[PDB]
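Input: a single structure, listed below in structure tokens.
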Amino acid sequence: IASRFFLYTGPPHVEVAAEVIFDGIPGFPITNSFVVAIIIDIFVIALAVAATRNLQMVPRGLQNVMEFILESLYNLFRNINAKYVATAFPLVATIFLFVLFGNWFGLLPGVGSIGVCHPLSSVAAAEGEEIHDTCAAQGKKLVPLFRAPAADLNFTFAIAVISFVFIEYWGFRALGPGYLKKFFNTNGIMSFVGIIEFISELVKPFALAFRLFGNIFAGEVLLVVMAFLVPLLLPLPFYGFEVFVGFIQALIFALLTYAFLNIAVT
Amino acid sequence: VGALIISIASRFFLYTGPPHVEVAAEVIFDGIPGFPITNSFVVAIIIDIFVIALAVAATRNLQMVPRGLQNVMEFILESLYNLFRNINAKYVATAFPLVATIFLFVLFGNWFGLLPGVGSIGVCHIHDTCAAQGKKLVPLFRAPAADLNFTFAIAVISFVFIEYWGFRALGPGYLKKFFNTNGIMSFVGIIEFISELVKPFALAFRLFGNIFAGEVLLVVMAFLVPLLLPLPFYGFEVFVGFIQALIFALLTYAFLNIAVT
Amino acid sequence: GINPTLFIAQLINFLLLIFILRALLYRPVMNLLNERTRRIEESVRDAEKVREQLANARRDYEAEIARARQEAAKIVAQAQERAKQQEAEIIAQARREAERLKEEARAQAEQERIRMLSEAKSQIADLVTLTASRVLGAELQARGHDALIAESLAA
Amino acid sequence: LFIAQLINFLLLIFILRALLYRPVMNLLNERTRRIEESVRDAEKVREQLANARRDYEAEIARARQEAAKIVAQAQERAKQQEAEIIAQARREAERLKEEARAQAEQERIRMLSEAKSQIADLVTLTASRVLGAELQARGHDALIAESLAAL
Amino acid sequence: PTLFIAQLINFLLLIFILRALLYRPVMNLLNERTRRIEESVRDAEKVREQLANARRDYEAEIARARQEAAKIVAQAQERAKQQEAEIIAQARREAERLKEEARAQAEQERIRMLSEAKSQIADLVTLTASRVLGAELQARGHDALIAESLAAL
Amino acid sequence: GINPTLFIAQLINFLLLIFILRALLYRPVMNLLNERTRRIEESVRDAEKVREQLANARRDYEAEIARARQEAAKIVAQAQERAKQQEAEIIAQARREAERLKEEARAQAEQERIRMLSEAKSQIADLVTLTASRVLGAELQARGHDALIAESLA
Amino acid sequence: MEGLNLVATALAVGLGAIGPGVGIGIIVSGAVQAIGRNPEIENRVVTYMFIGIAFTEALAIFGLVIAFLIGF
Amino acid sequence: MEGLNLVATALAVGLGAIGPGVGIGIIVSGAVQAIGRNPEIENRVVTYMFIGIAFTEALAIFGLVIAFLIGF
Amino acid sequence: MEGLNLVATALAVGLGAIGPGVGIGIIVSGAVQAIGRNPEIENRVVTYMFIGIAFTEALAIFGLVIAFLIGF
Amino acid sequence: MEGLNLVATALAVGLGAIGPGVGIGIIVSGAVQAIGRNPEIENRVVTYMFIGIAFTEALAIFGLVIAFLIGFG
Amino acid sequence: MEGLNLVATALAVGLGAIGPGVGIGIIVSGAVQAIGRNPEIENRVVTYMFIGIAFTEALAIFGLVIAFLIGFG
Amino acid sequence: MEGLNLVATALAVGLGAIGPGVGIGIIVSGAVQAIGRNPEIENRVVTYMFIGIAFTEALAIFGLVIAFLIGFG
Amino acid sequence: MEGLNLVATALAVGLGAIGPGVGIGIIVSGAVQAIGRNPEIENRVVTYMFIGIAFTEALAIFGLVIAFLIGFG
Amino acid sequence: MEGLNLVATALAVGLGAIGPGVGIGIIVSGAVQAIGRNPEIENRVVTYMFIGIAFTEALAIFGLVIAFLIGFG
Amino acid sequence: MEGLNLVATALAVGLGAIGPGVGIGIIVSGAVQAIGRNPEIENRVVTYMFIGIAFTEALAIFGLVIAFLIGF
Amino acid sequence: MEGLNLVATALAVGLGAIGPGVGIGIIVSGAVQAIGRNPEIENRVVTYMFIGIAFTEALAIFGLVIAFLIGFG
């Protein structure tokens with residue numbers, strides 16, 4: 001139990017870098033985050049149609065758990081506000097599921113070990129292994145073809161801005177000219193607090209995107225470093241923490257979106 | 001009195017010079033071929049004589065009704081006895097004399113350090129008196145608790161007392177504690193052991209630092225304004241000397257209480 | 001990665017994914033909602049039907065007593081009226097027979113009265129013979145009773 | 001690198017299958033049982049409603065048919081007894097009427113026994129009649145003398 | 001140096017301050033403690049006096065108890081001789097009464113026998129007279145008395 | 001201050017102080033406090049004894065009086081029993097002596113028989129006048145009754 | 001001397017983590033206690049709680065943004 | 001040297017985040033708990049809460065303005 | 001160096017935001033809780049709250065004006 | 001001087017641990033106390049606690065990510 | 001290296017103000033809460049509140065004046 | 001100018017002990033305070049206590065990982 | 001460096017003025033809240049409050065003394 | 001630099017005393033508070049308290065190990 | 001590097017003032033709170049209050065003594 | 001450069017004092033509150049509070065002995 005943590009086989013170092021631009025032989029260049037985003041979209045649609053092609057009473061199997069999750073989401077969003085518990089449900093549900101599966105993708109082996117490339121070898125008396133990679137030739141970096149979609153600041157910014165636009169539009173859907181009444185109404189000190197309110201409303205999507213991107217990228221980096229330190233039997237609790245926090249942050253994003261919607265409409 | 005005190009600017013006419021009193025150790029006061037006499041051993045002997053004199057004066061008559069000095073002597077002993085009875089039940093008589101003596105002695109030691117002439121009067125070896133001559137000025141009647149040796153002495157005798165009365169009360173159970181528990185008292189026990197080991201160090205350092213800080217505060221307030229400025233600090237110091245005495249006694253008794261139990 | 005072309009493409013992809021959500025999410029939402037609505041409607045239906053059935057069997061048992069009530073009421077009326085007429089006829093028959101029996105008895109008495117006219121002379125002869133021993137010496141004619149006896153018979 | 005990720009992943013699942021297996025199975029089992037009692041419960045709102053019509057049809061048929069038959073059977077038993085007991089006592093009254101015929105015989109006996117009752121006044125009181133008619137003329141002077149001698 | 005005079009004036013001011021705001025509380029607390037001692041002292045001597053009086057009262061009360069006990073008993077002995085004497089004297093007076101009434105009863109009984117004998121001798125002389133009267137009327141006929149009896153009618 | 005020799009000298013000085021102080025005032029002040037707390041506790045103890053003495057004195061005085069009257073009533077009854085039994089003795093002795101006085105007097109009164117020896121003077125002579133002088137015409141000439149009268153007078 | 005910009009960015013991000021982190025913690029604990037005391041006011045308390053979190057996160061975002069400005 | 005301005009701006013923003021962040025956190029927690037205790041005085045306590053938050057965020061904005069001035 | 005003045009004014013403003021900010025937060029939280037528990041003494045407790053706010057803001061103004069003088 | 005980047009990385013990570021750690025501790029303590037006092041509203045208390053943990057740990061991850069950016073960029 | 005005086009003065013005022021600021025905040029919060037519980041003892045409450053505020057302001061004033069002494073000769 | 005890596009490693013370890021240590025302390029204090037007044041809710045509250053402890057220890061692990069990385073490069 | 005003495009004196013004042021300030025505030029708030037209920041213990045609670053205030057001012061004045069010593073050698 | 005290792009060990013041990021010290025303090029305060037509230041849940045309280053104490057002391061142990069590694073090299 | 005010992009002494013005294021100062025404040029506040037809630041237990045409480053006061057002052061005096069040793 | 005040992009010792013002592021002081025303060029406050037609420041559990045209260053104060057003082061002693069090793073050795 002306490003003698004099988006050999007460091008003889010492992011990565012040579014720790015690789016940290018934002019998603020690497022893909023080869024993009026044809027026009028409209030893509031990234032390694034875009035392809036995993038599309039494949040996870042495909043997986044989400046496949047599970048949705050699997051739960052959809054067989055829709056009936058007393059669900060069992062995949063459909064039963066899917067309906068459990070969906071009704072739990074209804075219960076959670078209903079506790080905030082039932083006025084828009086269904087109108088805004090598809091957006092937050094889709095973003096939730098996609099972020100969930102993106103965070104799940106980071107645990108899959110080959111993320112960072114597969115390189116698209118556009119014991120004895122390990123150093124003795126050292127805590128980290130020094131085995132040269134497959135792509136170590138040509139002075140390459142072994143570009144990770146597989147990566148977490150939320151570990152890129154393009155998707156996170158995109159969902160943040162679309163969520164902000166959705167919230168602002170649905171607040172503007174039925175509020176009249178009450179926005180200007182909440183922002184610098186020139187009524188004593190109420191004008192001052194509206195300015196900070198306006199700035200906070202502006203920075204909410206940026207905060208969400210940066211938070212999610214940082215969470216996922218930090219999880220990936222810490223898992224890579226824990227693998228580099230000791231190969232086996234060490235990073236189990238941290239892998240468990242990652243698989244927990246991925247789902248946790250996934251539900252948090254949707255919950256925060258609904259909460260911002262409610263605080264804007266009310 | 002009016003708050004418009006104008007004597008606050010006496011530093012111009014009365015400038016005391018830099019705080020030359022900075023010694024963290026003793027100075028020899030009585031040149032003797034034998035062991036040297038510290039500036040604190042002399043005041044230790046002085047306090048011994050004073051305490052003996054007050055005790056014999058309060059016990060020369062042994063009046064049934066305590067009046068005058070007898071009542072004053074009896075009140076503090078009554079208070080200490082009641083306090084230790086509140087702490088522990090059957091160990092009040094066993095430990096009372098040592099704790100009462102170590103309270104009174106350091107009380108009068110700290111209260112002596114506020115006496116005038118402690119920081120000023122001294123034997124020759126702005127410019128004081130001796131520095132006018134070629135000889136340096138060393139102070140006279142340095143506080144006993146200011147000297148580290150006396151504080152270490154009372155701390156180590158307190159440690160000897162607590163270890164003896166733990167070992168005597170609990171036999172070999174206190175001597176090795178319960179290290180063989182291996183469930184809880186295998187890592188808590190060593191922490192308790194090192195805490196006991198450093199307990200005399202903390203006990204001595206508390207008194208030493210408190211009294212040293214007190215006297216250097218006295219000298220500093222004299223340096224800044226030697227008129228009406230150090231009065232609140234002196235009141236604080238005569239308070240905290242008694243406080244530290246009672247603290248040292250109370251903690252040594254309570255440590256014995258937690259050791260025996 | 002800070003470029004306008006990538007950000008616009010990501011925004012367009014997000015907009016398309018959000019637009020695609022409208023058709024798909026309506027499926028499971030309807031699947032959960034339609035079931036609940038049908039259940040509530042069927043529950044109202046059950047309450048109503050059960051209440052109706054329960055309140056009708058009790059009334060049928062009440063009509064069972066009511067049917068028996070008419071059965072008992074007809075019984076007394078049929079029994080009493082028939083008995084009263086039968087008793088009246090029997091008493092009238094008794095009354096008619098009482099007139100008949102009494103009349104026949106009176107007729108027989110009247111007949112016997114005249115018929116016994118053969119008994120006045122009979123008792124005359126009885127005094128002539130049986131009273132003879134009651135008088136002196138059982139001499140039927142005595143000493144003149146003979147002719148006198150004839151006068152008694154004539155009387 | 002790859003061996004580092006592989007060994008960690010399998011061992012993590014092995015302890016997830018030891019702790020986060022029974023509660024996660026039990027929650028889905030409880031929900032499925034609730035839907036098993038609740039999908040069935042929804043079929044029931046209409047199932048009991050359908051059974052309500054069955055219950056109503058059965059109860060009405062069982063009660064009304066039996067009620068009509070039993071009450072009429074009780075009525076027929078009572079109606080027949082109503083006429084029968086009425087006629088049964090009529091013959092007993094006719095039996096009491098036969099006592100009047102017996103009373104007529106007693107009346108007939110009275111007149112037949114009156115063949116000596118009214119005759120007694122004619123016969124037992126015709127003794128003094130002969131005393132005045134037959135005895136009067138009859139010369140019983142000798143009998144009178146004999147009676148005087150007996151005196 | 002100026003250090004000594006500064007220390008002296010500061011210590012004098014501290015002593016003045018303490019005498020100003022601590023002489024009264026210290027002295028009144030000491031006086032209260034002395035009064036508490038004296039009350040306990042006065043309590044102890046009073047209880048000792050109470051015990052001595054309670055002890056003294058115990059023998060004093062039992063002493064008069066003995067005096068009253070013997071006095072009551074002596075009265076009982078005094079009453080005993082008087083009660084015994086009067087019953088004897090009553091009986092002695094009663095006994096003499098029986099002696100006197102016996103003499104009167106006996107003397108009366110003597111008269112009763114005297115009257116009884118007087119009735120007896122009257123009875124004998126009456127009874128013997130009847131016997132000899134019948135003998136005397138055996139010789140002389142009864143007709144003389146019978147004729148005399150009718151003559152009185 | 002590092003020198004262990006002067007350190008130990010200060011230690012020994014302080015130990016001498018604790019011994020001389022505990023021998024000089026601590027034992028006197030402690031045993032004075034102990035005697036004081038004995039005095040107050042016996043004062044409560046004696047206060048209870050005061051109540052017991054008061055209760056005992058009242059009770060025992062009554063008990064002494066009670067045993068006095070009980071003994072006094074006892075000797076009174078003994079004298080009463082002696083008197084009644086002596087009185088009944090005197091009455092019975094007088095009663096028996098009175099009865100024997102009646103008997104002797106009656107025996108002394110039995111002398112009517114002796115006085116009945118004078119029948120010749122009275123019984124015979126009174127009989128003669130009774131027979132003759134009053135119930136008859138004094139004509140008792142028929143003799144022979146003199147035998148009858150003497151025979152029946154015995 | 002190397003680039004003090006790295007140390008500046010680090011200090012800014014770290015203190016923006018220090019302050020608003022404790023602010024959010026206190027806000028959420030108080031809101032949870034108030035909800036446990038009175039669930040009938042949950043809408044109002046969650047609204048004001050999200051207002052407070054918005055302000056704290058606004059301060060933290062100010063720190064992060066000026067850190068990015070220092071970095072570039 | 002060179003990055004003294006950067007370090008100054010970063011430190012100013014960071015400290016203005018650590019202080020006011022905890023201040024507004026305590027304000028919001030206390031106000032939410034008081035609202036949970038008393039919904040009737042909600043308007044008054046919300047006005048006072050916003051007054052305190054305005055003062056605290058004004059101090060934070062003073063820090064941010066000083067940082068921007070130094071950066072300019 | 002030639003930028004220590006910037007560091008000085010930055011630190012002064014930052015700590016002036018640190019201390020009085022937390023003081024304001026605690027004052028407002030306590031005052032709001034006391035108002036919620038008892039609205040009848042609201043005027044008096046608001047007066048005392050604003051007195052404490054004035055003292056803390058005086059400390060903050062002292063720090064800010066020291067930074068102002070240093071900046072010049 | 002020379003190794004300022006490592007010092008910056010360490011400082012960022014350390015203060016990011018300082019702040020959100022206290023925030024998470026306070027949030028969890030409050031949530032646990034409320035649940036123990038009211039075991040019926042935990043269905044919403046747990047969610048509010050977790051969304052508070054989000055806002056706390058976001059700043060810690062901010063510091064960690066900034067530290068990696070400095071140490072690797 | 002001559003700017004150390006300004007940095008010293010700023011550090012002195014800021015760090016001598018942070019402590020008393022929190023102290024005053026806690027003092028006023030406690031006093032206001034206690035007055036809310038009982039308004040009739042408000043005189044003594046206010047007296048001790050100003051006592052504590054005076055102590056904290058004395059510490060802050062000591063810091064400010066020693067900053068002036070550092071800032072000047 | 002040379003030993004800065006050691007200073008950075010020490011700072012990272014120390015502050016990653018500062019934050020999560022107080023977080024764990026507050027979490028445990030709240031948990032024991034809640035469990036004192038409600039014994040049967042232990043099954044519910046121990047899970048949340050372990051969740052908060054795991055998050056704080058994750059922050060401490062972030063600090064330790066950074067310190068180990070900069071203690072070797 | 002030449003200017004370290006001024007920064008040292010300023011630090012000895014400012015850092016030494018943090019903990020005493022918070023302690024003073026906490027002591028005064030606790031004493032006021034304690035005297036809010038049952039003010040009949042005013043003398044004793046004021047005695048203990050002044051003991052605590054003496055200890056806090058002791059720490060603050062140790063800081064002040066150290067700063068004055070550094071500022072004047 | 002000639003130093004920077006003594007300073008490193010000092011910082012590590014000092015901050016490891018900062019964090020876990022306050023954590024253990026709050027743990028003990030809450031535990032004794034609950035014990036005063038609930039006497040008979042003492043076994044569970046002590047078990048959870050010692051679990052939290054060990055979790056908190058883990059960081060202090062990490063700091064001590066880092067300091068010893070720096071001191072030895 | 002002249003004057004570095006001065007900064008050492010300053011830092012030692014400052015931190016030793018920070019820690020035990022807050023400790024003493026908390027101890028005294030808890031003690032007076034318990035005395036106000038129940039005056040009868042004061043005789044038992046004051047002993048442990050002074051024990052804690054001594055334990056807190058131990059670290060501050062440690063700091064001051066080490067500062068004096070460093071200075072001399 | 002040459003005085004880093006003194007700064008190391010001073011920082012070690014100060015940072016080892018800043019934390020455990022607050023820890024033992026909150027320990028004593030909690031124990032005092034528990035005693036004021038429940039005197040019958042005083043024995044267990046005293047044992048647990050002294051165990052906790054021993055742990056915190058052990059952390060402080062770790063800091064102090066590290067400072068001693070830095071100053072000499």
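For the structure tokens, the naming scheme is as follows: chains receive sequential letters (A, B, ...) according to their order of presentation, residues are indexed from 1 within each chain, and ligands are indexed from 1 in presentation order.
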Quick one: which residues from chain M are at most 9 Å off chain B, using only C-alpha atoms, as JSON, numbers by chain? {"M": [54, 55, 58, 61, 62, 65, 68, 69, 72, 73]}
Mind checking which residues fall within 12 Å of residue 67 in chain G, counting only C-alpha atoms, ignoring those fewer than 4 positions away in the same chain, and posting them as an NGL selection string? (:G and (5-16 or 60-63 or 71-72)) or (:H and (6-14 or 67)) or (:J and (12 or 62-63 or 66-67 or 70))
Distance filter 6 Å, only C-alpha atoms, chain A against chain C, as a ChimeraX atom specification: /A:90-91,158
Keeping C-alpha atoms for every residue in the selection just given, could you write it to a file as an mmCIF file, in the first residue's frame?
data_model
loop_
_atom_site.group_PDB
_atom_site.id
_atom_site.type_symbol
_atom_site.label_atom_id
_atom_site.label_comp_id
_atom_site.auth_asym_id
_atom_site.auth_seq_id
_atom_site.Cartn_x
_atom_site.Cartn_y
_atom_site.Cartn_z
ATOM 1 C CA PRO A 90 -33.760 25.738 -21.757
ATOM 2 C CA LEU A 91 -30.815 28.171 -21.851
ATOM 3 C CA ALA A 158 -19.461 33.477 -25.224
#
Mind checking which residues fall within 12 Å of residue 43 in chain P, counting only C-alpha atoms, ignoring those fewer than 3 positions away in the same chain, and posting them as a ChimeraX atom specification? /B:87-88,257-258,261 /N:32,35-36,39 /P:31,34-35,38-40,46-50
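Any residue of chain J with an atom within 12 Å of chain N counts; using only C-alpha atoms, that gives residues 1, 2, 3, 7, 14, 15, 17, 18, 19, 21, 22, 25, 26, 29 and 33 of chain J.
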Could those residues be written to a file, using C-alpha atoms, as a PDB file, in the first residue's frame?
ATOM      1  CA  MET J   1      16.172  41.268  -8.499  1.00  0.00           C
ATOM      2  CA  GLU J   2      16.277  37.828 -10.134  1.00  0.00           C
ATOM      3  CA  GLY J   3      13.669  35.413  -8.771  1.00  0.00           C
ATOM      4  CA  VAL J   7       7.852  35.254  -5.070  1.00  0.00           C
ATOM      5  CA  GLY J  14      -0.962  32.413  -0.398  1.00  0.00           C
ATOM      6  CA  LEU J  15      -3.351  35.340  -0.188  1.00  0.00           C
ATOM      7  CA  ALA J  17      -5.709  30.761   0.254  1.00  0.00           C
ATOM      8  CA  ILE J  18      -6.002  33.337   3.049  1.00  0.00           C
ATOM      9  CA  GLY J  19      -9.250  34.972   2.008  1.00  0.00           C
ATOM     10  CA  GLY J  21     -10.517  29.883   3.224  1.00  0.00           C
ATOM     11  CA  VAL J  22     -12.027  32.097   5.912  1.00  0.00           C
ATOM     12  CA  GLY J  25     -15.232  28.345   6.875  1.00  0.00           C
ATOM     13  CA  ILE J  26     -17.745  31.008   7.883  1.00  0.00           C
ATOM     14  CA  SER J  29     -20.345  27.096   9.963  1.00  0.00           C
ATOM     15  CA  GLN J  33     -25.755  25.802  12.484  1.00  0.00           C
TER      16      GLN J  33
END
Based on only C-alpha atoms, which of the residues in chain O come within 7 Å of chain M? I want them as a PyMOL selection string. chain O and resi 1-4+6-7+10-11+13-15+17-19+21-22+24-26+28-30+32-33+36
